[PDB]
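Chemist: Take a look and give me a structure for this.
(one chain, ligands or ions: 1)
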Amino acid sequence: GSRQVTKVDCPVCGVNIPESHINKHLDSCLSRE
Ligand SMILES: [Zn+2]
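Modeler: Numbering: from 1, shown residues only. What follows is the structure:
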């Protein structure tokens, strides 16, 4: 994916993942941990 991609922390559970995977993680985490 060496083109354009950022990774950030999950405000709910505190994990680092790419922009697509993190948005989904924190969305599902806002419900369950
Ligand atoms: Zn999460």
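
Chemist: where's residue 6 relative to residue 16, distance?
Modeler: 11 Å (Cβ to Cβ, to the nearest Å). The way it works is simple: take the backbone N, C-alpha and C, and place the C-beta from them, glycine included.

Chemist: Contact residues of the chain facing the ion?
Modeler: The chain has residues 10, 13, 25, 29 near the ion, with proximity defined as Cβ under 5 Å from the ion.

Chemist: Can you tell me which of the residues you listed is nearest residue 2?
Modeler: residue 25 (22.2 Å; Cβ to Cβ).

Chemist: What values do phi and psi take at the closest one?
Modeler: phi -60, psi -50 (degrees, to the nearest 10).

Chemist: check contacts around it.
Modeler: 10, 13, 15, 17 (Cβ atoms under 8 Å, 6 or more residues apart in numbering).

Chemist: I'd like to know how far it sits from residue 9.
Modeler: From residue 25 to residue 9 the distance is 10 Å (Cβ to Cβ).

Chemist: anything in contact with each of these two?
Modeler: Counting by Cβ under 8 Å, 6+ apart, the residues touching both residue 25 and residue 9 are residue 15.

Chemist: who touches residue 10 in this structure?
Modeler: 16-17, 22, 25-26, 29.

Chemist: From those, which land in strands?
Modeler: Among those, the ones falling in strands (DSSP state E) are 16-17.

Chemist: Among the contacts of residue 10, name the buried ones.
Modeler: 22, 25-26, 29 (16 or more other Cβ atoms under 10 Å).

Chemist: Quick check: bridge partners of residue 16?
Modeler: residue 9 (DSSP bridges).

Chemist: That one and residue 9 touch, don't they?
Modeler: Yes. Using Cβ atoms under 8 Å, residue 16 is in contact with residue 9, at 5.7 Å.

Chemist: Find the residues that touch each one of the two.
Modeler: residue 22.
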